[PDB]
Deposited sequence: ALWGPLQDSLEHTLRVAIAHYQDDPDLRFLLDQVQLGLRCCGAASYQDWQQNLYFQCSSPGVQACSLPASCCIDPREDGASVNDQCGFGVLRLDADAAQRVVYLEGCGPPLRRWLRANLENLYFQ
C-alpha cells in the first residue's frame, strides 16, 4: 500500500485505458498479466475503464477481458465482466497485477540494467 505499488498501479491503469491505441503499453500489459497471472491493476474489474472492454457498447469486446487475463483462445475472456465473481474466476484471474508486479520489481531490482 506504499508509493512503489501505487505508482505501478497507476502505470497499469494507463495501460488499460490506452490498450488499443498504444502497442507498447498493450504488449507490456499482456506480458505482465500473462507472466504474473493477474488481471488489471487492483482487480480484473479495472478493465471497465477501457472503452472497448467496458460494458457499454454493442462492440464485440464489450463486457469482456483481454485474453492475457485468462487462466492457463482469443475469446477466452468474452463476457466475463457480466459474471458474478465466483463464475468469473473459473475463466480469468481476479486479482490485479499491482501486488505481484511490486514483488517482481523488488526481486529484480539488482538485475534491472539501464544503458
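Gaps in the coordinates relative to the deposited sequence fall at 1-2, 75-82.
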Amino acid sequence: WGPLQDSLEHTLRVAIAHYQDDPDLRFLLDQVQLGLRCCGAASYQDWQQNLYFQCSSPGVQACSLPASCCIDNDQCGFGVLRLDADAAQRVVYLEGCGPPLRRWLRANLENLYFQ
From here on, numbers count along this sequence of modelled residues.
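Averaged over CA atoms, B-factors in the entry run higher in 58-66 than in the other of 30-38 and 58-66.
Annotation for 44-52 versus 80-88: the higher mean temperature factor (C-alpha) is found in 80-88.
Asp22 sits in the middle third of its chain by CA B factor, as recorded in the PDB entry.
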